[PDB]
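The chain below stands alone and is given as structure tokens, in the form deposited in one PDB entry.
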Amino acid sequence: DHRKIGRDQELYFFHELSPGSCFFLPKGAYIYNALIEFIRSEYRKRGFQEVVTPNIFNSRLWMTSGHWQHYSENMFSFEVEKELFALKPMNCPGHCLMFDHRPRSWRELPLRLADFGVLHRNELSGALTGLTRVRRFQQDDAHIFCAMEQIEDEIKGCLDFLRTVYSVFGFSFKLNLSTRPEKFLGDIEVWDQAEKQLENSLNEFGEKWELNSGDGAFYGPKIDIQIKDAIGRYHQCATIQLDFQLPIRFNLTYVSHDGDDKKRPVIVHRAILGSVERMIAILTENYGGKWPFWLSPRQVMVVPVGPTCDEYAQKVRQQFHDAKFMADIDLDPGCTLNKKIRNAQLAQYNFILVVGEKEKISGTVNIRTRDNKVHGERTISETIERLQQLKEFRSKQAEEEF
């Protein structure tokens, strides 16, 4: 489904020379960068600070993190000057080094570090499918370093995030709490404070949530989120994961209000999209090829009524292109208006701007949609402004709200 649309819409493809990795053609790449810019746009508002980290590390780091022990087979390892190195499966330890880079206080907390960095995980070749099961991807990854007392407040924020992002997509979602398992690490009082705060947040949030007892990780309790597509399928995407182990293994510390300087923070792993790749696949199948305007690789199709208008159509497009819209043009003299409009619709262009003598004289465009409805003849400036609003607010039906 999403793969066939990927090839048909010239979004992305796969080659046997890099299994589990994807090739994004300029349009799919536009979608990639669009999603990332969305996440960042929310980061700037929510107090998340993006960082750039290394993609490879010495084996010792993975030894202290616990990957070399429990993840070793999923990691690509190689040798640099007789020392063991590996590509990062996760961004977490690198962020731990960043927190531990200098002394930190309680006034810095909560400290939220976001990373889009490239993750590699070694998946058996037989199990690889499309963008769903991959060896390479960029996850929208942030870690929250806070005090225990702050947890409840950070979680509710973390939920407010989800509900916002998904509400842009038009997804409905369900939540579930996985608590302390049989075998667990660290003191149980910490576990209890944490889980109490988690429950309080989930209840304050208002959504019906499920409790899976003992299904949490040994290093911390967790909230999992599943997304429901248009057809009603569920995909595990978002997660909120507490880690008490990581601060101990990297010996992480802040200076309390008190301030005792031996207090360790709590780590919160969170992702919302999952990975960009995964979100792209799911969205490609969910939208059925019809992309919302802000995500759309083909936003505008300028078509002339006749060759006489070929120049005007060139101007118009350029102007829309200078408005940061993805705007193409159909100049083929050997094809009819209706056929160009229809083909633009089959190619899933959100807006088709038809121009003719009347439009050339008045400096206007005749607005057609993908649906294909008529929005009449408007000035190019009016149209640009309206489209700009539809793009900025990420309207899911732009054509109807025009």
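Note that the rigid core is defined as the largest set of C-alphas that superpose within 1.5 Å between two forms. Position 1 is the first residue in the sequence shown; the rest follow in order.
Although not depicted, the form deposited in another entry is the subject of the following passage.
Trainee: Relative to the superposed core, which single residue of 129, 256, 200, 72 shows a CA shift of 2 Å or more between this form and the one not shown?
Mentor: Residue with a C-alpha shift of 2 Å or more: 200.
Trainee: Could you check whether the CA atom of residue 304 moves 2 Å or more between this form and the one not shown, using the rigid core for the fit?
Mentor: No; residue 304 is a residue whose C-alpha shifts by less than 2 Å between this form and the one not shown when the cores are overlaid.
Trainee: Once both forms sit on the same rigid core, is the C-alpha displacement of residue 181 at or above 2 Å between this form and the one not shown?
Mentor: Yes; residue 181 is a residue whose C-alpha shifts (by 2 Å or more) between this form and the one not shown when the cores are overlaid.
Trainee: Once you overlay the rigid core, does the Cα of residue 221 travel 2 Å or further between this form and the one not shown?
Mentor: Yes, its C-alpha moves 2 Å or more.
Trainee: If the CA atoms of residue 142 and residue 259 move by 3 Å or more in that other deposited form, do they move toward each other or away, so closer or farther than here?
Mentor: The answer is farther, because the C-alphas of residue 142 and residue 259 separate from each other in that other deposited form by 3 Å or more.
Trainee: Taking the shown form as the reference, report whether the CA atoms of residue 245 and residue 194 lie closer or farther apart in that other deposited form; the distance changes by 3 angstroms or more.
Mentor: So the answer is closer.
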